[PDB]
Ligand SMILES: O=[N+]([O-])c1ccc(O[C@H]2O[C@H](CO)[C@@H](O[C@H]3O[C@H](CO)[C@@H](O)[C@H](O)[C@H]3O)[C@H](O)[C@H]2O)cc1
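A single chain, nothing else alongside it, follows as structure tokens in the form deposited without the ligand.
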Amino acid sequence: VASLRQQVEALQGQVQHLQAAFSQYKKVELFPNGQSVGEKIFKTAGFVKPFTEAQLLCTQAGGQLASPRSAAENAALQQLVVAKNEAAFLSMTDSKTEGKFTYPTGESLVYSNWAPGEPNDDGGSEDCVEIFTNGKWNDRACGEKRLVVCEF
């Protein structure tokens, strides 16, 4: 037995040391271009791309375009948008069924923070969503270039 027990005290100690260095490196990681809320991390690319290119960039990297599902997440996304001062695309579109915004998974929105008047399908052709510096959403034509923020 008790060799076993020494090994546990040893392993536990090297594990606690690794979670200490991991917390510090997580903060350094997110500065300046990232934000975490719960288990989700938003990180911006720092550049501007049309919806399809933005979505491709995020899935290829193993994530998804920012999809705020609660008020706290929208706040965290807003910090990133305020810091960069460019509005960002969110993941959701209504291109399947005009007027029903769906997460890229197909499910209906659980949270929304639409600017008054929106969504308004302006010009007959506004299928993507953009979050502005004030945290409110506006629907926008997918072909516009907006800030790429992915979530992981």
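So that there is no doubt, residue numbering starts at 1 and follows the sequence shown.
Below: the form solved in complex with the ligand, not depicted.
Peer 1: Contact between residue 53 and the ligand in the deposited complex at 4.5 Å, heavy atoms?
Peer 2: Judged by the heavy-atom cut-off of 4.5 Å, residue 53 is well away from the ligand in the deposited complex.
Peer 1: Answer yes if any heavy atom of residue 122 is within 4.5 Å of a heavy atom of the ligand in the deposited complex; otherwise answer no.
Peer 2: Within the cut-off, so yes.
Peer 1: Any of the heavy atoms of residue 127 lying within 4.5 Å of the ligand in the deposited complex?
Peer 2: Residue 127: no contact with the ligand in the deposited complex.
Peer 1: Test of understanding: in the deposited complex, would residue 118 fall inside 4.5 Å of the ligand by heavy atoms?
Peer 2: Because a heavy atom of residue 118 falls inside 4.5 Å of the ligand in the deposited complex, the answer is yes.
Peer 1: Going by heavy atoms, what in 132-147 lies within 4.5 angstroms of the ligand in the deposited complex?
Peer 2: Contacts from 132-147: 132, 133, 134, 138, 139, 140.
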